[PDB]
Every structure is written in C-alpha cells, then in structure tokens.
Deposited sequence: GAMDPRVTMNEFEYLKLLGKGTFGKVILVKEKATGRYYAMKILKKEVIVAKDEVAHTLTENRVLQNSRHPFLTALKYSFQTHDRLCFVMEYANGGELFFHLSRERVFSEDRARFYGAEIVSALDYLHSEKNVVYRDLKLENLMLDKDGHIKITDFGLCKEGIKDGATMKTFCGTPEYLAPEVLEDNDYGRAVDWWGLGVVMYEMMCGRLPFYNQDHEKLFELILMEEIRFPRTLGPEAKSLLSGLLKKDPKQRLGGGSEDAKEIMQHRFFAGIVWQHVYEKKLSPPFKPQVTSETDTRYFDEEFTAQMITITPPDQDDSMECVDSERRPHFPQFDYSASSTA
C-alpha cells in the first residue's frame, strides 16, 4: 500500500543516466533502506523496460545472504521504485580505489561470498548475472558482500544453455562474448576471475582506455602475474581467466562446485560462508544508520504509453 509518502529521503547514494538511489527511512517502522527510483519515461525512452522487469523478478524471487533483499516494489504515475536493504559499507570499488590491493585472505573471503551467491543464482534460480564488477559489489554493515544491480541478468538459463546478448561492462567481458559466440553461465566465472585479479593484483588483467584495443588484449594476451602472488591464487586466477569457457574453472557441469573445490579455497567451509559464520576481515566503521562515509561525495553532497502502467510490478515481502 506503499507510496513516496511512506518514506523520508535522506541522502543520495547513486545517480546514473536511468535513475538514482537514496538512503530512506520508512515512517511506520523507523527502518532504513536504499530506494532505487526510476522515472518511467526515461526507462521507456532509453529502452530499459525489459532490464527493469528482469531486475524486479530476480529480486522478488531471490533469497540469499549475499543478495540485496527486496522489501517493496511499487509505482506511481511517473516512477518505479525498489526498496531494498541498505548496504552501509559502500562499493568494493570504493575500498579498492583507496587501498590499492586486498590481502589474499580478504580477497578470499569476498570471493567465497561471491561464489556462494553466484552458485545460488545459477543452481537455484537459473539466473546468469553477466555484470560482475567492483562497482556492483557492496558491503553491508557487518562487512559481508551484497550483490546489487540485476538488470543485466539472464533468466531461464538451466545448466549449460546459451545466450547471445552483447551486454556487460567492457573491461570485464569474457572472450567468448567478444568472439560473438553463443555463451553460457561460465561468463560469470570469468567475471569472478577479473574481480579476484583486481582484488589481489590491484589492476585489471587487461587494460586499455579504449574499449576496442582492450578487447584485443582480452582475446590475444595471457595475464601477467605479479611476483607477490602465491601459487594457489595464481592457479585460481589462471583457471578462472581461461579464455575457452570449456576449459575454465567452473566451466563444466559442476559449475561453482569446481571453484569451491579449488585449493585457494581450502579450509573455507562453504556452509559457514552461507550461514555468515566467517569473520569479515573489514567492518565498516559507521557512527549512525545514515553515515555514508563509504559512498562517493559527488552524490552524498547533493541536496534532495510514454509513462505506462507496469502490470503487477507491485510487491511486498513478508515472513
């Protein structure tokens, strides 16, 4: 029964071309959330409708400790809004831009949580995520991973079924996508490898500012391995960043189970990962529920048929 009126709007957390995300507080409960607000007209013009419905379904249907939980979806005459758990710790992109690299143990911890979430999306939800990156991996108040931004997900991908859409983020695109081949859920383990590489090496495995020359590096060159990198981390990166998805770690029928087995993750206990019993290597140091020191200044420092009805977009979680 939810409208813009049910919340106060406190701090802007994010704003790209389609919309914005604001830290809000729900008047009836005193609870704090992040609200992504989309203008319907802009979504229709920019061709983001099908992406928005995907994100709505993926959020509604997913229940996992490392996926942003959805509380409400609701619309007005001009807006679509998702009200989701607030991730108080900001983007991994934030942290890694300031610290340069994570220790192997810190990277291992985030990697395990990411693998847990991805395995659930693939196995339980028949979903391929497709846009894994540092920017869309957030940390909650305890320092656990929250995946956000489900708009580029593919639905209904069961086992090794394939897909065709050229989408993602250029710096993270797997070779098989660039080859204009049909591609499977192993694209998400390439993403994982790029994320893990950045975490432990402090740069992207393939880099050129220009998307086109970058693509050439991805298809043509072998990754470099800084001499500080341990033998397990080396082998994990080399397996996840195999260019042929059939040869990639996680690329077979076992999917995530093959990565979980890998010696880099030895003595990660996967059931404790899921049950959130592992000790986060970093706890966000917030004063209040509204402290946004882990978000970018550009945004937080800011003061707060063409428009169709979306059938049954509305949703409310419960027990």
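> Show which contiguous pieces of the deposited sequence have no C-alpha coordinates, counting from residue 1.
Those stretches are 1-5, 310-325, 341-342, listed in order.
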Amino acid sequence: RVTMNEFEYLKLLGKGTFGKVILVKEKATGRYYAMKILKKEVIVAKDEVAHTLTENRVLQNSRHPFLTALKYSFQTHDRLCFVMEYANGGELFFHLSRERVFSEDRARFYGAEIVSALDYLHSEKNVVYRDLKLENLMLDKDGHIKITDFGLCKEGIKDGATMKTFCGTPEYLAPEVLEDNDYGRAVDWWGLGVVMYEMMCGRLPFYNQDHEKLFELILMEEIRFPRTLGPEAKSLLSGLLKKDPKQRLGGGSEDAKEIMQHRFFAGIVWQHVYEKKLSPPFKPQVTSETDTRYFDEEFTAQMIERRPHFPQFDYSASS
From here on, numbers count along this sequence of modelled residues.
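What we label the rigid core is the largest C-alpha set whose atoms superpose within 1.5 Å from one form to the other.
> Overlaying the structures in 6 other deposited structures of this protein on the rigid core, point out which of 77-85 and 105-113 has the bigger RMS C-alpha shift.
More C-alpha displacement in 6 other deposited structures of this protein shows up in 77-85.
> Output the stretch, either 221-229 or 187-195, that has more C-alpha displacement from this form in 6 other deposited structures of this protein following superposition by the rigid core.
Once the core is superposed, the stretch further away in 6 other deposited structures of this protein is 221-229.
> On average, which has the higher Cα B-factor in the deposited entry, 162-170 or 68-76?
If you average the C-alpha B-factors of 162-170 and of 68-76, the larger mean comes out for 68-76.
> What stretch has the higher average Cα B-factor here, 77-85 or 181-189?
It is 77-85 that shows the higher mean C-alpha B-factor.
> From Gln261, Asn56, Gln271, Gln285, can you pick the one with the highest C-alpha B factor in the entry?
Highest C-alpha B-factor among the listed residues goes to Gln285.
> If you compare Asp131, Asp105, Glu176, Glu99, which has the highest Cα B-factor in the entry?
Among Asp131, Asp105, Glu176, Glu99, the highest C-alpha B-factor in the entry belongs to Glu99.
> What third of the chain, by the recorded C-alpha B-factor, contains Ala50?
As the PDB entry reports it, the C-alpha B-factor of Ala50 lands in the middle third of its chain.
> By the recorded C-alpha temperature factor, relative to the other modelled residues in its chain, which third is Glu212 in?
Highest third of the chain for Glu212's C-alpha B-factor.
> Relative to the other modelled residues of the same chain, rank the CA B-factor of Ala266 and answer lowest, middle or highest third.
Middle third - that is where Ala266 ends up once the chain's C-alpha B-factors are sorted.
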